[PDB]
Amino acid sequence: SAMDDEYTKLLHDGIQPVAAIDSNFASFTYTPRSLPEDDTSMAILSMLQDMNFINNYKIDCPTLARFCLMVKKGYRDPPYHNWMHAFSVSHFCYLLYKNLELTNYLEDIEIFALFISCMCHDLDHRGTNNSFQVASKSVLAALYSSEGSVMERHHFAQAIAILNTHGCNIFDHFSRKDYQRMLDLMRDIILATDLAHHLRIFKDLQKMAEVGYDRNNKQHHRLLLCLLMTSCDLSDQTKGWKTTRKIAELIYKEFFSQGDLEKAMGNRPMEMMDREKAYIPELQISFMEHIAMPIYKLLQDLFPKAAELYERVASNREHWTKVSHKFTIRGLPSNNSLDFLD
């Protein structure tokens, strides 16, 4: 069996030093999607070790190895919402830890919850959004639609189901209080990945940035965790143009597949999920201006060392404007034919 051999190696071979993964592994310039997928579970362990969580929380290595593989196995393979997304999001959490001195802002257990939440935050994603669950009358909507954030509730529930699998509860030696705290943190942080939640708390984030972070304010901790989570979730926008371009391709592949399903159900998809209407450069510029850039601006406001992240997103946004003209067909198409007009 596959998982069994992978597990055996992960547990008995030893945790590789993080520098051995890549010389620039802890840099904001590093693109974790460059790491071969077969190397990523070891990289998770290497990051957990380097952040001192294995030692600090006395995590059982067999349990942790099993847990990491179960989380990986808990992702399906849609174009974007797959394990390499969760891996890259987790990697950015590690970058925030290594570059922004999170221990001046957050409790140890909060930073640990943030990382584990990143790993788990899109578990069992099917490549469709919350609206689709309701529209298609899915099982997930049957369970959670009365509460909202249907997919995010499912991701959290899946994380808990993994913990509740024998041999996989990396927290089961925790005190009752700490165990309760960890799972509550995972709830809040994973539910924060619904962009509707982000938009709802945005004014509160603004207020916090403007008055100044108060480490003695429990609501500030909660708000900061949400902002950091979102920052990890969108972190593909903080790399180079090539990453932003590829991830646009993956996201719209996923969106358009959902739109096709909606049309087949007799429903009119959102414009951004309709391959006949969606104009990608404008949709991506809107996403960047309306969502991504303000998030990284807030991050910069709270952490001056995060300035380069905001400048990168802004740069990538400008690059969308610069390449937009290429979506207009000038001259004849590739094949010298106007057959596509029919």
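Counting begins at 1, following the sequence as shown. Between two forms, the rigid core is the largest collection of C-alphas that superpose within 1.5 Å.
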item	value
223-231 against 123-131 - segment lying farther from this form in 9 other deposited structures of this protein (CA RMS, rigid core fit)	123-131
Which of 82-90 and 149-157 lies farther from this form in 9 other deposited structures of this protein, as RMS of C-alpha positions after a rigid core fit	149-157
Selected stretch [higher average CA B-factor]: 329-337 or 18-26	329-337
Mean temperature factor over C-alpha atoms, higher-scoring stretch between 166-174 and 112-120	166-174
Criterion, highest CA B-factor; candidates, 190, 183, 228, 265	265
50, 311, 60, 39, ranked by C-alpha B-factor: the highest one	311
Ranked C-alpha temperature factor of residue 81 among modelled chain residues, by third	lowest
Residue 213 by Cα B-factor - lowest, middle or highest third of the modelled chain	highest
Ranked against its chain, the third holding the CA B-factor of residue 69	lowest
Lowest, middle or highest third - CA B-factor, residue 285	highest
Within-chain third of residue 233 by Cα B-factor, per the entry	lowest
